[PDB]
$ cat model_16.cif   # mmCIF, C-alpha atoms
data_data
loop_
_atom_site.label_atom_id
_atom_site.label_comp_id
_atom_site.auth_asym_id
_atom_site.auth_seq_id
_atom_site.Cartn_x
_atom_site.Cartn_y
_atom_site.Cartn_z
CA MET A 3 37.76 -37.29 65.27
CA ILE A 4 39.02 -35.29 62.27
CA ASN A 5 36.84 -36.77 59.47
CA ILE A 6 33.62 -34.96 60.52
CA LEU A 7 35.42 -31.56 60.55
CA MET A 8 36.87 -32.51 57.12
CA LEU A 9 33.27 -33.04 55.89
CA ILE A 10 31.59 -29.78 56.99
CA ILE A 11 34.11 -27.01 56.09
CA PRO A 12 34.93 -28.29 52.55
CA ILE A 13 31.22 -29.21 52.10
CA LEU A 14 29.98 -25.69 53.05
CA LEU A 15 32.43 -24.45 50.39
CA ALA A 16 30.72 -26.78 47.86
CA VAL A 17 27.37 -25.15 48.74
CA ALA A 18 29.18 -21.78 48.47
CA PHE A 19 30.71 -22.61 45.04
CA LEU A 20 27.22 -23.83 43.98
CA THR A 21 26.12 -20.15 43.73
CA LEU A 22 28.49 -19.82 40.75
CA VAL A 23 26.88 -22.81 38.97
CA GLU A 24 23.39 -21.59 40.01
CA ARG A 25 23.83 -18.58 37.66
CA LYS A 26 26.69 -19.66 35.34
CA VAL A 27 25.09 -22.84 33.91
CA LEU A 28 21.59 -21.36 34.44
CA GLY A 29 22.93 -18.18 32.79
CA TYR A 30 24.18 -19.91 29.62
CA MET A 31 20.87 -21.84 29.59
CA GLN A 32 19.19 -18.41 29.35
CA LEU A 33 21.98 -16.98 27.11
CA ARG A 34 23.45 -14.52 29.65
CA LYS A 35 26.85 -14.00 31.29
CA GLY A 36 26.95 -14.94 34.98
CA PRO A 37 29.95 -14.38 37.31
CA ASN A 38 32.61 -12.20 35.64
CA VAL A 39 33.53 -8.92 37.42
CA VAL A 40 34.40 -10.01 41.01
CA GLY A 41 37.08 -12.67 40.33
CA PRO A 42 38.93 -14.08 37.27
CA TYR A 43 35.64 -15.75 36.30
CA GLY A 44 33.71 -14.40 39.31
CA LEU A 45 35.31 -17.00 41.62
CA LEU A 46 35.66 -14.48 44.50
CA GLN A 47 31.89 -13.75 44.59
CA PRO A 48 30.70 -17.00 46.33
CA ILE A 49 33.06 -16.41 49.30
CA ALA A 50 32.05 -12.69 49.34
CA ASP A 51 28.43 -13.61 50.22
CA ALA A 52 29.63 -15.12 53.53
CA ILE A 53 31.19 -11.73 54.37
CA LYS A 54 28.06 -9.96 53.06
CA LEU A 55 25.16 -11.81 54.72
CA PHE A 56 26.50 -12.72 58.18
CA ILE A 57 28.83 -9.97 59.47
CA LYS A 58 26.78 -6.91 58.37
CA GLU A 59 23.11 -8.05 57.99
CA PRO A 60 21.23 -7.86 61.34
CA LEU A 61 17.42 -8.53 61.10
CA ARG A 62 15.21 -10.31 63.67
CA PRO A 63 11.44 -10.58 63.00
CA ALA A 64 8.88 -8.08 64.37
CA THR A 65 5.99 -9.83 66.12
CA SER A 66 8.10 -13.03 65.88
CA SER A 67 7.81 -16.08 68.09
CA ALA A 68 9.73 -17.00 71.28
CA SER A 69 12.61 -19.54 71.09
CA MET A 70 11.36 -20.96 67.78
CA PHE A 71 12.26 -19.25 64.46
CA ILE A 72 16.00 -18.99 65.26
CA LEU A 73 15.70 -22.67 66.19
CA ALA A 74 14.76 -23.34 62.52
CA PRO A 75 18.08 -22.45 60.78
CA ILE A 76 19.80 -24.63 63.42
CA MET A 77 17.29 -27.35 62.40
CA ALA A 78 18.02 -26.54 58.72
CA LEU A 79 21.79 -27.16 58.79
CA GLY A 80 21.97 -29.55 61.78
CA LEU A 81 19.77 -32.13 60.01
CA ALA A 82 20.80 -31.70 56.35
CA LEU A 83 24.59 -31.63 56.90
CA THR A 84 24.32 -34.74 59.13
CA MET A 85 23.09 -36.56 55.99
CA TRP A 86 26.72 -36.61 54.73
CA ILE A 87 27.71 -39.02 57.56
CA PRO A 88 25.80 -42.21 56.46
CA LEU A 89 27.03 -41.79 52.83
CA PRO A 90 29.00 -44.88 51.62
CA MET A 91 31.54 -42.93 49.45
CA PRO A 92 34.82 -44.80 48.96
CA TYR A 93 34.70 -45.24 52.77
CA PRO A 94 31.83 -44.13 55.10
CA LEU A 95 31.93 -42.23 58.40
CA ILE A 96 30.60 -44.84 60.87
CA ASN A 97 29.02 -47.43 58.53
CA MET A 98 25.41 -47.90 59.65
CA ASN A 99 23.86 -51.24 60.67
CA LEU A 100 21.23 -50.37 58.05
CA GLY A 101 22.26 -47.58 55.66
CA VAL A 102 19.30 -46.10 53.75
CA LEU A 103 16.96 -46.06 56.80
CA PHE A 104 19.01 -43.20 58.30
CA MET A 105 19.02 -41.46 54.89
CA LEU A 106 15.21 -41.60 54.57
CA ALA A 107 14.46 -40.64 58.21
CA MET A 108 16.72 -37.56 58.42
CA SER A 109 15.49 -36.29 55.01
CA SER A 110 11.90 -36.22 56.34
CA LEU A 111 13.25 -34.59 59.53
CA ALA A 112 14.92 -31.94 57.31
CA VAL A 113 11.42 -30.91 56.08
CA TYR A 114 10.77 -29.41 59.56
CA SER A 115 13.04 -26.45 58.67
CA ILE A 116 10.32 -25.09 56.34
CA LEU A 117 7.60 -26.23 58.80
CA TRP A 118 8.84 -24.33 61.89
CA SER A 119 9.37 -21.25 59.66
CA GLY A 120 5.55 -21.11 59.39
CA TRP A 121 5.34 -20.27 63.10
CA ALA A 122 8.32 -17.91 62.73
CA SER A 123 5.88 -15.08 62.04
CA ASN A 124 2.61 -15.19 64.02
CA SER A 125 0.99 -13.34 61.08
CA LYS A 126 -0.92 -15.48 58.56
CA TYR A 127 1.05 -14.30 55.48
CA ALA A 128 4.05 -16.58 56.15
CA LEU A 129 2.14 -19.80 57.02
CA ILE A 130 0.45 -19.96 53.57
CA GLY A 131 3.95 -20.61 52.17
CA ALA A 132 4.31 -23.26 54.90
CA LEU A 133 0.93 -24.99 54.32
CA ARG A 134 1.76 -25.20 50.59
CA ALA A 135 5.15 -26.70 51.57
CA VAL A 136 3.33 -29.45 53.54
CA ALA A 137 1.40 -30.98 50.59
CA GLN A 138 4.27 -30.46 48.10
CA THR A 139 6.36 -32.80 50.32
CA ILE A 140 3.87 -35.03 52.24
CA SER A 141 2.62 -36.91 49.15
CA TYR A 142 6.06 -37.52 47.61
CA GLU A 143 7.34 -39.25 50.78
CA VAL A 144 5.10 -42.24 49.88
CA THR A 145 6.81 -43.14 46.57
CA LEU A 146 10.30 -42.16 47.83
CA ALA A 147 10.20 -45.19 50.16
CA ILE A 148 8.40 -47.52 47.68
CA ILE A 149 10.80 -46.95 44.72
CA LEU A 150 13.68 -47.49 47.18
CA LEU A 151 12.18 -50.87 48.23
CA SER A 152 12.02 -52.09 44.60
CA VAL A 153 15.73 -51.23 44.14
CA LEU A 154 16.75 -52.61 47.57
CA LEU A 155 15.00 -55.96 46.96
CA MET A 156 16.76 -56.16 43.57
CA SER A 157 20.20 -55.57 45.14
CA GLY A 158 21.46 -56.35 48.66
CA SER A 159 19.96 -55.03 51.90
CA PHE A 160 19.50 -51.53 53.42
CA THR A 161 23.29 -51.17 53.95
CA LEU A 162 24.86 -48.59 51.63
CA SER A 163 28.20 -50.48 51.47
CA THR A 164 26.58 -53.41 49.58
CA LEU A 165 25.12 -51.02 46.95
CA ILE A 166 28.63 -50.28 45.63
CA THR A 167 29.62 -53.97 45.30
CA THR A 168 26.40 -54.99 43.49
CA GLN A 169 27.25 -52.87 40.41
CA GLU A 170 30.37 -54.57 39.03
CA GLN A 171 29.49 -55.08 35.34
CA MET A 172 26.48 -52.83 34.55
CA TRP A 173 24.51 -49.94 36.14
CA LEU A 174 21.13 -50.26 37.91
CA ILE A 175 19.55 -47.76 35.45
CA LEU A 176 19.01 -50.50 32.82
CA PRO A 177 17.12 -53.06 34.98
CA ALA A 178 15.17 -50.30 36.80
CA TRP A 179 14.29 -48.36 33.62
CA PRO A 180 11.01 -46.69 34.69
CA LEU A 181 12.21 -46.40 38.33
CA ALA A 182 15.30 -44.36 37.35
CA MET A 183 13.04 -41.84 35.57
CA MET A 184 11.01 -41.56 38.80
CA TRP A 185 14.11 -40.47 40.76
CA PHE A 186 14.43 -37.27 38.72
CA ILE A 187 10.99 -36.30 40.09
CA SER A 188 10.88 -37.98 43.55
CA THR A 189 14.26 -36.42 44.49
CA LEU A 190 12.57 -33.00 44.20
CA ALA A 191 10.32 -33.78 47.21
CA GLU A 192 12.38 -31.44 49.42
CA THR A 193 12.26 -27.68 48.69
CA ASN A 194 14.92 -27.61 45.96
CA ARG A 195 15.89 -25.29 43.08
CA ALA A 196 13.67 -26.93 40.43
CA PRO A 197 10.56 -26.75 38.13
CA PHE A 198 8.61 -29.32 40.18
CA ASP A 199 10.07 -28.09 43.51
CA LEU A 200 8.07 -26.84 46.53
CA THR A 201 6.92 -23.55 48.13
CA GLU A 202 10.34 -21.89 48.44
CA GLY A 203 10.88 -19.81 45.28
CA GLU A 204 9.01 -16.57 44.54
CA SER A 205 7.42 -16.52 41.02
CA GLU A 206 3.73 -16.48 42.07
CA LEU A 207 3.59 -16.61 45.90
CA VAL A 208 5.81 -15.02 48.58
CA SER A 209 9.10 -16.81 49.36
CA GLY A 210 8.62 -19.62 51.90
CA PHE A 211 11.14 -19.80 54.79
CA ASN A 212 12.64 -16.51 53.52
CA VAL A 213 9.94 -13.84 54.03
CA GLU A 214 9.94 -14.53 57.79
CA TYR A 215 13.73 -15.08 58.05
CA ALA A 216 16.33 -12.27 57.84
CA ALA A 217 19.50 -12.47 55.97
CA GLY A 218 21.43 -14.37 58.73
CA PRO A 219 18.85 -17.07 59.33
CA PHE A 220 17.75 -16.68 55.67
CA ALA A 221 21.37 -17.06 54.50
CA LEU A 222 21.65 -20.20 56.67
CA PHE A 223 18.58 -21.67 54.91
CA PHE A 224 20.26 -21.55 51.46
CA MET A 225 23.36 -23.28 52.89
CA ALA A 226 20.95 -26.14 53.77
CA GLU A 227 18.43 -26.07 50.87
CA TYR A 228 21.09 -26.16 48.11
CA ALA A 229 23.04 -28.73 50.19
CA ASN A 230 20.14 -31.20 49.77
CA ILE A 231 20.44 -30.93 45.96
CA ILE A 232 24.03 -32.30 46.05
CA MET A 233 22.86 -34.93 48.58
CA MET A 234 20.17 -36.29 46.24
CA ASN A 235 22.64 -36.17 43.31
CA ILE A 236 25.17 -38.32 45.21
CA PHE A 237 22.39 -40.68 46.46
CA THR A 238 21.21 -41.27 42.86
CA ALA A 239 24.85 -41.96 41.87
CA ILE A 240 24.97 -44.78 44.48
CA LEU A 241 21.56 -46.41 43.85
CA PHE A 242 21.63 -46.19 40.03
CA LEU A 243 25.30 -45.55 39.14
CA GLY A 244 28.51 -47.39 40.15
CA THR A 245 30.78 -48.36 37.21
CA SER A 246 33.67 -49.77 39.32
CA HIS A 247 34.65 -50.44 42.95
CA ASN A 248 38.44 -51.07 43.39
CA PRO A 249 39.31 -51.34 47.14
CA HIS A 250 43.09 -51.27 46.48
CA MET A 251 43.14 -47.87 44.72
CA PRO A 252 40.80 -45.20 46.22
CA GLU A 253 42.15 -42.65 43.68
CA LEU A 254 40.49 -44.39 40.69
CA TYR A 255 37.11 -44.41 42.47
CA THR A 256 37.13 -40.78 43.74
CA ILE A 257 37.63 -39.23 40.26
CA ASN A 258 35.07 -41.55 38.58
CA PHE A 259 32.42 -41.03 41.30
CA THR A 260 32.60 -37.20 41.10
CA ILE A 261 32.07 -37.01 37.29
CA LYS A 262 28.90 -39.16 37.60
CA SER A 263 27.54 -36.88 40.35
CA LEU A 264 28.52 -33.60 38.60
CA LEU A 265 26.58 -34.61 35.45
CA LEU A 266 23.53 -34.99 37.73
CA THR A 267 24.37 -31.72 39.57
CA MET A 268 23.96 -29.83 36.26
CA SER A 269 20.75 -31.78 35.49
CA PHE A 270 18.66 -30.30 38.34
CA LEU A 271 19.62 -26.72 37.39
CA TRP A 272 18.81 -27.82 33.81
CA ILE A 273 15.31 -28.69 35.09
CA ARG A 274 14.99 -25.41 37.08
CA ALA A 275 15.46 -23.04 34.11
CA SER A 276 13.52 -25.07 31.52
CA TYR A 277 10.03 -25.57 33.00
CA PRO A 278 7.36 -23.59 34.97
CA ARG A 279 5.88 -24.52 38.39
CA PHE A 280 3.42 -27.44 38.50
CA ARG A 281 0.80 -25.70 40.75
CA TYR A 282 -0.22 -26.73 44.31
CA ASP A 283 -3.26 -28.83 43.27
CA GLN A 284 -1.81 -30.43 40.11
CA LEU A 285 1.44 -31.64 41.74
CA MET A 286 -0.84 -33.68 44.04
CA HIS A 287 -2.37 -35.11 40.82
CA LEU A 288 0.96 -36.01 39.12
CA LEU A 289 1.72 -38.42 41.96
CA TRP A 290 -1.05 -40.22 43.95
CA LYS A 291 -3.54 -40.14 41.04
CA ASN A 292 -1.15 -41.03 38.19
CA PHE A 293 2.33 -42.10 39.43
CA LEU A 294 1.48 -44.07 42.61
CA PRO A 295 -0.39 -46.86 40.72
CA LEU A 296 2.61 -47.05 38.33
CA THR A 297 5.23 -47.33 41.12
CA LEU A 298 3.24 -49.97 43.04
CA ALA A 299 2.83 -52.04 39.85
CA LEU A 300 6.63 -51.95 39.50
CA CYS A 301 6.89 -52.73 43.24
CA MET A 302 4.67 -55.78 42.58
CA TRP A 303 6.99 -56.65 39.67
CA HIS A 304 10.17 -56.35 41.77
CA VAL A 305 8.79 -58.70 44.48
CA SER A 306 8.37 -61.57 41.97
CA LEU A 307 11.80 -61.18 40.28
CA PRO A 308 14.06 -62.66 43.04
CA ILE A 309 11.60 -65.60 43.31
CA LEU A 310 11.46 -66.05 39.49
CA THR A 311 15.28 -66.01 39.21
CA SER A 312 17.58 -66.28 42.27
CA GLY A 313 18.41 -62.83 43.70
CA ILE A 314 18.93 -62.90 47.48
CA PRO A 315 21.89 -61.29 49.38
CA UNK B 5 17.60 13.53 -7.17
CA UNK B 6 16.05 12.92 -3.76
CA UNK B 7 17.02 9.79 -1.83
CA UNK B 8 14.71 8.11 0.66
CA UNK B 9 14.16 4.66 2.20
CA UNK B 10 14.32 1.81 -0.31
CA UNK B 11 12.29 -1.40 -0.49
CA UNK B 12 13.69 -4.94 -0.47
CA UNK B 13 11.79 -8.08 -1.43
CA UNK B 14 13.96 -11.07 -2.50
CA UNK B 15 12.26 -13.82 -0.43
CA UNK B 16 9.94 -11.79 1.86
CA UNK B 17 11.26 -13.56 5.01
CA UNK B 18 8.62 -16.35 4.76
CA UNK B 19 6.03 -15.59 7.43
CA UNK B 20 3.95 -18.12 9.39
CA UNK B 21 5.25 -21.67 9.00
CA UNK B 22 5.47 -24.59 11.43
CA UNK B 23 9.12 -25.18 12.27
CA UNK B 24 8.28 -27.85 14.86
CA UNK B 25 8.85 -31.40 13.63
CA UNK B 26 9.11 -34.82 15.28
CA UNK B 27 12.63 -36.19 15.68
CA UNK B 28 14.38 -39.44 16.69
CA UNK B 29 11.54 -41.32 18.41
CA UNK B 30 8.40 -42.30 16.50
CA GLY B 31 6.45 -44.47 18.95
CA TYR B 32 6.85 -48.20 18.29
CA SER B 33 10.65 -47.86 17.90
CA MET B 34 11.35 -46.51 21.41
CA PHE B 35 9.28 -49.26 23.11
CA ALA B 36 11.50 -51.91 21.46
CA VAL B 37 14.53 -50.18 23.03
CA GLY B 38 12.62 -49.67 26.33
CA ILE B 39 11.58 -53.30 26.93
CA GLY B 40 14.87 -54.35 25.26
CA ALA B 41 16.84 -52.49 27.95
CA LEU B 42 14.66 -54.18 30.61
CA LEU B 43 15.22 -57.69 29.16
CA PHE B 44 18.99 -57.01 29.05
CA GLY B 45 18.76 -55.42 32.53
CA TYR B 46 17.25 -58.28 34.56
CA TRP B 47 19.25 -61.02 32.79
CA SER B 48 22.64 -59.37 33.50
CA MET B 49 21.70 -58.49 37.11
CA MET B 50 20.68 -62.01 38.19
CA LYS B 51 23.97 -63.51 36.89
CA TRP B 52 25.83 -61.47 39.55
CA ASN B 53 23.31 -62.67 42.17
CA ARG B 54 24.11 -66.30 41.22
CA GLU B 55 27.81 -65.35 41.45
CA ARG B 56 27.06 -63.92 44.92
CA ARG B 57 25.82 -67.40 45.98
CA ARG B 58 29.37 -68.74 45.41
CA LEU B 59 30.56 -66.20 48.01
CA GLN B 60 27.47 -66.40 50.29
CA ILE B 61 27.86 -70.09 51.27
CA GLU B 62 31.68 -69.76 51.46
CA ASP B 63 31.52 -66.72 53.81
CA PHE B 64 29.17 -68.45 56.28
CA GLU B 65 31.35 -71.60 56.03
CA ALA B 66 34.06 -69.73 58.01
CA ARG B 67 31.87 -69.72 61.16
CA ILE B 68 31.11 -73.47 60.81
CA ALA B 69 34.80 -74.32 60.21
CA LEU B 70 35.94 -72.26 63.23
CA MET B 71 34.75 -73.83 66.50
CA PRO B 72 37.69 -72.76 68.77
CA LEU B 73 36.21 -69.26 68.22
#

$ encode --input "model_16.cif" --output "structure tokens"
Amino acid sequence: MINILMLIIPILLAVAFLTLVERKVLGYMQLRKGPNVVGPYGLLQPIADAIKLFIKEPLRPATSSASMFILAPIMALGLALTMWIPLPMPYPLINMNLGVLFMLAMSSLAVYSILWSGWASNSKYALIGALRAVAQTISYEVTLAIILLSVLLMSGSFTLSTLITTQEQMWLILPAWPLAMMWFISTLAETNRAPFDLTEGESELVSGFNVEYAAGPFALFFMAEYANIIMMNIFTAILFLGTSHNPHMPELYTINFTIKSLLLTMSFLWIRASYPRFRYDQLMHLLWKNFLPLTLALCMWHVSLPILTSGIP
Amino acid sequence: XXXXXXXXXXXXXXXXXXXXXXXXXXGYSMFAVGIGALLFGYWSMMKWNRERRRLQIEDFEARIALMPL
């Protein structure tokens, strides 16, 4: 097998080259110059951080825990980078018997990275950032499965290969008009660089899964946390975008698929700079109280539609 | 003659005024586009599903036609 090794090393570079965009686009959004000194346009700085944070930075926590803690950055990468495997792409690595089920299960398993980092420090200061990270993720897992079901019943089955073929004339944004707007919010269930987000950034509280971790484990967390942002951006570009298929020419698909994802890649960092944090209590009131009755009403609506007019795979 | 700091009036900068104004969407206009996109959305989607039926029966026909398998 060569394909897996050709989907980790160039992918870790994409999370590395993200650091440019994380302060270049975000910089111009705030009217400030980002990467400039290090490279021609600061292009040598993202690869410099790998030399900076791993080879020279040494920390291990004080009071600590036993085997757990250092188990958590292994759980961070080894569950978020595996998410690249079930992706349909032009051609998938081992096409699943049911596609999106593996995508939804491993995403919830990726939440454990911020959960086990609560017991990284035995001291109570770190676990407050963990307990906040529970509720900021636990509620949004409800709608994430429901809004999927309304799209999946509209087009094909759980298999991700069928989701490419179903969009031949028009996108799925237009039939699922309120549901597409939900997937700019529901995608930010995992601790991502955003305005909605979770307990990961500083601002008000101490940094979750970062105050306990070093540099080396803490550096490994960013290579997983920012990796999930690309993952949700690609996953939205499958469920809601498509444009064309073309099995004969893979070259025409690969260029067209990347532009659609890159426009969404900018959009989350667009969200991050623009708006403040939603608060621990009031994020639980955005969904559950307000958005859950809306999504279920649309779920009720999407059950009737294949019966009203023929729509069965 | 002694020279000091001079005063300038002209327009007096215009202090305290609401620059915020509503643009593009009004209220009733965006809902006509919103439901209009939905009506166009479901109608175009189900036509492909009916086109899928042409393939669906024909794909399963291959198993019925092949009995030496």

$ interface_residues --input "model_16.cif" --of "chain B" --to "chain A" --cutoff "7 Å" --atoms "only C-alpha atoms" --output "list in words"
residues 41, 42, 45, 46, 50, 53 and 54 of chain B

$ atom_distance --input "model_16.cif" --atom1 "CA of residue 22 (chain B)" --atom2 "CA of residue 275 (chain A)"
24.8 Å

$ resolve_selection --input "model_16.cif" --expression "the PyMOL selection byres ((chain A and resi 216) around 12)" --output "ChimeraX atom specification"
/A:55-56,58-64,66,71-72,75,119,122-123,211-215,217-224

$ resolve_selection --input "model_16.cif" --expression "the PyMOL selection byres ((chain A and resi 262) around 12)" --output "PDB file with C-alpha atoms, in the frame of the given file"
ATOM      1  CA  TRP A 173      24.510 -49.940  36.140  1.00  0.00           C
ATOM      2  CA  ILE A 232      24.030 -32.300  46.050  1.00  0.00           C
ATOM      3  CA  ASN A 235      22.640 -36.170  43.310  1.00  0.00           C
ATOM      4  CA  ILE A 236      25.170 -38.320  45.210  1.00  0.00           C
ATOM      5  CA  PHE A 237      22.390 -40.680  46.460  1.00  0.00           C
ATOM      6  CA  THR A 238      21.210 -41.270  42.860  1.00  0.00           C
ATOM      7  CA  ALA A 239      24.850 -41.960  41.870  1.00  0.00           C
ATOM      8  CA  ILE A 240      24.970 -44.780  44.480  1.00  0.00           C
ATOM      9  CA  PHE A 242      21.630 -46.190  40.030  1.00  0.00           C
ATOM     10  CA  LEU A 243      25.300 -45.550  39.140  1.00  0.00           C
ATOM     11  CA  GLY A 244      28.510 -47.390  40.150  1.00  0.00           C
ATOM     12  CA  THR A 245      30.780 -48.360  37.210  1.00  0.00           C
ATOM     13  CA  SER A 246      33.670 -49.770  39.320  1.00  0.00           C
ATOM     14  CA  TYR A 255      37.110 -44.410  42.470  1.00  0.00           C
ATOM     15  CA  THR A 256      37.130 -40.780  43.740  1.00  0.00           C
ATOM     16  CA  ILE A 257      37.630 -39.230  40.260  1.00  0.00           C
ATOM     17  CA  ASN A 258      35.070 -41.550  38.580  1.00  0.00           C
ATOM     18  CA  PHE A 259      32.420 -41.030  41.300  1.00  0.00           C
ATOM     19  CA  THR A 260      32.600 -37.200  41.100  1.00  0.00           C
ATOM     20  CA  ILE A 261      32.070 -37.010  37.290  1.00  0.00           C
ATOM     21  CA  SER A 263      27.540 -36.880  40.350  1.00  0.00           C
ATOM     22  CA  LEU A 264      28.520 -33.600  38.600  1.00  0.00           C
ATOM     23  CA  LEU A 265      26.580 -34.610  35.450  1.00  0.00           C
ATOM     24  CA  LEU A 266      23.530 -34.990  37.730  1.00  0.00           C
ATOM     25  CA  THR A 267      24.370 -31.720  39.570  1.00  0.00           C
ATOM     26  CA  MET A 268      23.960 -29.830  36.260  1.00  0.00           C
ATOM     27  CA  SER A 269      20.750 -31.780  35.490  1.00  0.00           C
TER      28      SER A 269
END

$ atom_distance --input "model_16.cif" --atom1 "CA of residue 50 (chain A)" --atom2 "CA of residue 15 (chain A)"
11.8 Å

$ resolve_selection --input "model_16.cif" --expression "the PyMOL selection byres ((chain A and resi 143) around 10)" --output "JSON, numbers by chain"
{"A": [106, 109, 110, 138, 139, 140, 141, 142, 144, 145, 146, 147, 148, 188, 189, 191, 192]}

$ write_last_selection --input "model_16.cif" --atoms "C-alpha atoms" --output "PDB file, in the frame of the given file"
ATOM      1  CA  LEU A 106      15.210 -41.600  54.570  1.00  0.00           C
ATOM      2  CA  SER A 109      15.490 -36.290  55.010  1.00  0.00           C
ATOM      3  CA  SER A 110      11.900 -36.220  56.340  1.00  0.00           C
ATOM      4  CA  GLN A 138       4.270 -30.460  48.100  1.00  0.00           C
ATOM      5  CA  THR A 139       6.360 -32.800  50.320  1.00  0.00           C
ATOM      6  CA  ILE A 140       3.870 -35.030  52.240  1.00  0.00           C
ATOM      7  CA  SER A 141       2.620 -36.910  49.150  1.00  0.00           C
ATOM      8  CA  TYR A 142       6.060 -37.520  47.610  1.00  0.00           C
ATOM      9  CA  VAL A 144       5.100 -42.240  49.880  1.00  0.00           C
ATOM     10  CA  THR A 145       6.810 -43.140  46.570  1.00  0.00           C
ATOM     11  CA  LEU A 146      10.300 -42.160  47.830  1.00  0.00           C
ATOM     12  CA  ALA A 147      10.200 -45.190  50.160  1.00  0.00           C
ATOM     13  CA  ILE A 148       8.400 -47.520  47.680  1.00  0.00           C
ATOM     14  CA  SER A 188      10.880 -37.980  43.550  1.00  0.00           C
ATOM     15  CA  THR A 189      14.260 -36.420  44.490  1.00  0.00           C
ATOM     16  CA  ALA A 191      10.320 -33.780  47.210  1.00  0.00           C
ATOM     17  CA  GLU A 192      12.380 -31.440  49.420  1.00  0.00           C
TER      18      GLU A 192
END

$ atom_distance --input "model_16.cif" --atom1 "CA of residue 198 (chain A)" --atom2 "CA of residue 289 (chain A)"
11.6 Å

$ closest_residue --input "model_16.cif" --among "A:155, A:14, A:81, A:124" --to "residue 65 (chain A)" --atoms "only C-alpha atoms"
A:124

$ axis_aligned_box --input "model_16.cif" --around "region 21-40 of chain B" --padding-each-side "8 Å" --output "AutoDock Vina command-line options"
--center_x 10.1 --center_y -38.0 --center_z 18.0 --size_x 25.6 --size_y 48.7 --size_z 33.9

$ closest_residue --input "model_16.cif" --among "A:149, A:165, A:33, A:135" --to "residue 247 (chain A)" --atoms "only C-alpha atoms"
A:165

$ closest_residue --input "model_16.cif" --among "A:105, A:181, A:117, A:4" --to "residue 234 (chain A)" --atoms "all atoms listed in the file"
A:105

$ residues_around --input "model_16.cif" --residues "residue 6 (chain A)" --least-positions-apart "6" --cutoff "10 Å" --atoms "all atoms listed in the file" --output "list in words"
residues 84, 86, 87 and 95 of chain A

$ residues_around --input "model_16.cif" --residues "region 17-21 of chain A" --least-positions-apart "5" --cutoff "10 Å" --atoms "only C-alpha atoms" --output "list in words"
residues 12, 26, 37, 45, 46, 47, 48, 49, 50, 51, 52, 224, 225, 226, 227, 228, 229, 230, 231, 232 and 267 of chain A

$ write_last_selection --input "model_16.cif" --atoms "C-alpha atoms" --output "mmCIF file, keeping the file's coordinate frame"
data_model
loop_
_atom_site.group_PDB
_atom_site.id
_atom_site.type_symbol
_atom_site.label_atom_id
_atom_site.label_comp_id
_atom_site.auth_asym_id
_atom_site.auth_seq_id
_atom_site.Cartn_x
_atom_site.Cartn_y
_atom_site.Cartn_z
ATOM 1 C CA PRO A 12 34.930 -28.290 52.550
ATOM 2 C CA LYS A 26 26.690 -19.660 35.340
ATOM 3 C CA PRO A 37 29.950 -14.380 37.310
ATOM 4 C CA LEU A 45 35.310 -17.000 41.620
ATOM 5 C CA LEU A 46 35.660 -14.480 44.500
ATOM 6 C CA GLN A 47 31.890 -13.750 44.590
ATOM 7 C CA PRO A 48 30.700 -17.000 46.330
ATOM 8 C CA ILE A 49 33.060 -16.410 49.300
ATOM 9 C CA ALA A 50 32.050 -12.690 49.340
ATOM 10 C CA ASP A 51 28.430 -13.610 50.220
ATOM 11 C CA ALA A 52 29.630 -15.120 53.530
ATOM 12 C CA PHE A 224 20.260 -21.550 51.460
ATOM 13 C CA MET A 225 23.360 -23.280 52.890
ATOM 14 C CA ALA A 226 20.950 -26.140 53.770
ATOM 15 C CA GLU A 227 18.430 -26.070 50.870
ATOM 16 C CA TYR A 228 21.090 -26.160 48.110
ATOM 17 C CA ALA A 229 23.040 -28.730 50.190
ATOM 18 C CA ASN A 230 20.140 -31.200 49.770
ATOM 19 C CA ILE A 231 20.440 -30.930 45.960
ATOM 20 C CA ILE A 232 24.030 -32.300 46.050
ATOM 21 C CA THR A 267 24.370 -31.720 39.570
#

$ decode --input "model_16.cif" --residues "region 59-80 of chain A" --atoms "C-alpha atoms" --output "PDB file, in the first residue's frame"
ATOM      1  CA  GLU A  59      10.959  21.883  22.888  1.00  0.00           C
ATOM      2  CA  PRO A  60      10.992  19.288  25.730  1.00  0.00           C
ATOM      3  CA  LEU A  61       8.165  19.712  28.337  1.00  0.00           C
ATOM      4  CA  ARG A  62       6.302  16.932  30.210  1.00  0.00           C
ATOM      5  CA  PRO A  63       3.661  17.912  32.826  1.00  0.00           C
ATOM      6  CA  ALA A  64       4.426  18.211  36.563  1.00  0.00           C
ATOM      7  CA  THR A  65       1.938  16.268  38.677  1.00  0.00           C
ATOM      8  CA  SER A  66       0.725  14.712  35.380  1.00  0.00           C
ATOM      9  CA  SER A  67      -1.061  11.401  34.988  1.00  0.00           C
ATOM     10  CA  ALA A  68       0.352   7.921  34.213  1.00  0.00           C
ATOM     11  CA  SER A  69       0.110   6.515  30.641  1.00  0.00           C
ATOM     12  CA  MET A  70      -2.696   8.929  29.716  1.00  0.00           C
ATOM     13  CA  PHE A  71      -1.888  12.508  28.574  1.00  0.00           C
ATOM     14  CA  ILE A  72       0.768  11.423  26.030  1.00  0.00           C
ATOM     15  CA  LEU A  73      -1.877   8.950  24.850  1.00  0.00           C
ATOM     16  CA  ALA A  74      -4.047  11.980  23.905  1.00  0.00           C
ATOM     17  CA  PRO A  75      -1.932  13.468  21.040  1.00  0.00           C
ATOM     18  CA  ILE A  76      -1.745   9.911  19.624  1.00  0.00           C
ATOM     19  CA  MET A  77      -5.570   9.894  19.929  1.00  0.00           C
ATOM     20  CA  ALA A  78      -5.650  13.390  18.358  1.00  0.00           C
ATOM     21  CA  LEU A  79      -3.851  12.535  15.091  1.00  0.00           C
ATOM     22  CA  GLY A  80      -4.626   8.787  14.930  1.00  0.00           C
TER      23      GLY A  80
END
